[PDB]
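Two versions of one and the same chain are coming, encoded as structure tokens; call them structure 1 and structure 2.
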Structure 1
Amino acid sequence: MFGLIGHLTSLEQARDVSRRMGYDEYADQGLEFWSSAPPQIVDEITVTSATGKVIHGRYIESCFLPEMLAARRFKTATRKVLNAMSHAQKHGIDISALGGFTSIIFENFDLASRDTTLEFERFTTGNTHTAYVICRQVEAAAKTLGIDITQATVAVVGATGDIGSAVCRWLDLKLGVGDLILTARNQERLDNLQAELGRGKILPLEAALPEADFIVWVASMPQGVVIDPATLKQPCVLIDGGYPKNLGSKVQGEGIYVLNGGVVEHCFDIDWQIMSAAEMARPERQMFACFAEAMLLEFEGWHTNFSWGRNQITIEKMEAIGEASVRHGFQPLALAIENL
């Protein structure tokens, strides 16, 4: 049994999903309502691999709301995630993914540090897979645009994050990228990253972007961030790989292509109503890679926290989850040539 732990996206979207959760669609549901709403298993899921193997999952609604952050209700926000995790476990789910804010939250509040104790091998961030997909997207994109990745330049914004640092290890060792630009907030970690890599030019954001054929956006987007279309190279690909994805609407311009990063398309229809179904071109087949990771671990029978902590993702783990991804019928989302 795999699990997909997710969360609401706005107060209005929660009222949409409200009824299906046993609640009154037209009642007063305030931030305080969803703060006290308990976690619920909400959707039963049956995925069928390309090999023929059938697996079963549960989508667990955590009721976390990004407004709980906005209202500085960080302990309430922490609680939602941990409850959701604890709910997964009591119902005997073997491996669950924390999608969207869920894992960001689990990290920035060191939640590794209720009734019973949580088994962490029962959960995964799905980040190893997310990093793997993001890298297949760079590779794919470069082939599509006629760009030798061996000569090209990739800026990894957030290169010190769990996802970002995994992307750099792969872009270096696997694609053999030409120039790798590192970008992040913490100078110390940027130094330690480039030391492990043996390469990479550390740069501030507004020097990074204009060198880059590919930009891998994988960090908490700062406030007052000016992305000026006009400074970017004229064939440019921006891979929005973090949660939430907002580049699609904050960056627009001729020869600029924004691509949802870390998204996968399955080979067969899946019947569900998940967390970002509304932002997927093809909801019945498209999902976050971190969720798909949870599925790959259950297809393979690897019941462990395959992805966990910060900067632990290794090339070898990325390799293993990658070919599990392919074998079971998952393709990276790709550029859609309606690019005019």
Structure 2
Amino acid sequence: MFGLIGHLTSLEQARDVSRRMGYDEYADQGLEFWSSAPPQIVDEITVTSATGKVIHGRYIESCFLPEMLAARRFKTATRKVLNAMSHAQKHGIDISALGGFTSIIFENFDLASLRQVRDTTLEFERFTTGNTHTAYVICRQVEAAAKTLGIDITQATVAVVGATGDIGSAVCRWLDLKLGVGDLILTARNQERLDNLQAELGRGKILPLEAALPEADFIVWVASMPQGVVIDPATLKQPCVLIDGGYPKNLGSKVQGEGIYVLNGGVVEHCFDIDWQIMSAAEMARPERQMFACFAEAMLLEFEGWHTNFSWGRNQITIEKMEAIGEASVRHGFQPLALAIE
């Protein structure tokens, strides 16, 4: 049994999604109701691999909302994640993805030292961040977008926003040693981690966000922004490929203009329909087929019987792990989401 621990993007989405699927009482309430809401299994999932293996899974709504972070409800956000992980364990789920900010909260608030959750002691090998698959998928998306638009990635500049992040650092490593990107712009807030990533790679210029974007042929957005920022197309090169892998989306507006290409980063499409309606809520282009790469990692671990915390912690993702999950991703029928044209 795999699990998908997720959350919604905003209170407004929480109302709509709760307004659907019945739930009239859950969909008129404000932040304080979600701050005390319990985790729930709200969907049962069956997936068939290209190999023909059938697996089963469960979607768990953690009830975390990004507004909790901006409202400084740090202990609320901490409880949403611990309660959700305890809930997965009590239901006997073997491997669960910590979607979106649930893994970011886990790391940033040292939830590992709080593994004692009421009755339960959390077993970390039953969880994955899903970030190894996400970074692999985003790297394949850079590669494919470059080829689709006739851009030579070996002579292009790629800015990684959230470069020192768990996903970002992995993207950097792969864009460096597997794709051979021309120039790497490392963009992060904390200077020490930026210095350390630059040293680790042996390349890369560190630039604050406002100076990085005008230099970039590709911008990979993998920042832990609760909200998302408004980038004016006039600030960007032509062409510029924006791969927004954030959840919530790092781009707080529809960035469009001549020579601007936007792609939902870290999304895969499966060769078979999946029966469910969470990805419908999740605003995929084809929600029956498409999903976040972190959720797909839990399916992959379950397809392979790798019942372990395959992606865990921060800055620990390697190229070899990305290759292993990538090979499995292809074999079980997943493909990176590509640019839409026409």
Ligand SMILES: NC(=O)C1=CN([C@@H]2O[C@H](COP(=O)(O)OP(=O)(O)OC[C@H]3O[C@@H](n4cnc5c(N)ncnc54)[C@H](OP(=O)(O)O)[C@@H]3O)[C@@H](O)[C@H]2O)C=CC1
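By rigid core we mean the largest C-alpha set that fits within 1.5 Å across both forms. Throughout, residue numbering runs from 1 along the sequence of structure 1.
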Structure that is the form deposited with this ligand bound (1 or 2): 2
Single mover in 29, 286, 49, 311, with Cα shift of 2 Å or more between structures 1 and 2 when the core is superposed: 29
Exceeds or equals 2 Å, Cα of residue 173 between structures 1 and 2, core fit: no
Large Cα move at residue 321 between structures 1 and 2, threshold 2 Å, rigid core: no
Exceeds or equals 2 Å, Cα of residue 185 between structures 1 and 2, core fit: no
Rigid-core-superposed Cα shift at residue 224 between structures 1 and 2, Å: 9.6
Cα displacement of residue 94 between structures 1 and 2, once the rigid core is superposed (Å): 0.3
After superposing on the core, C-alpha shift for residue 68 between structures 1 and 2 in angstrom: 3.1
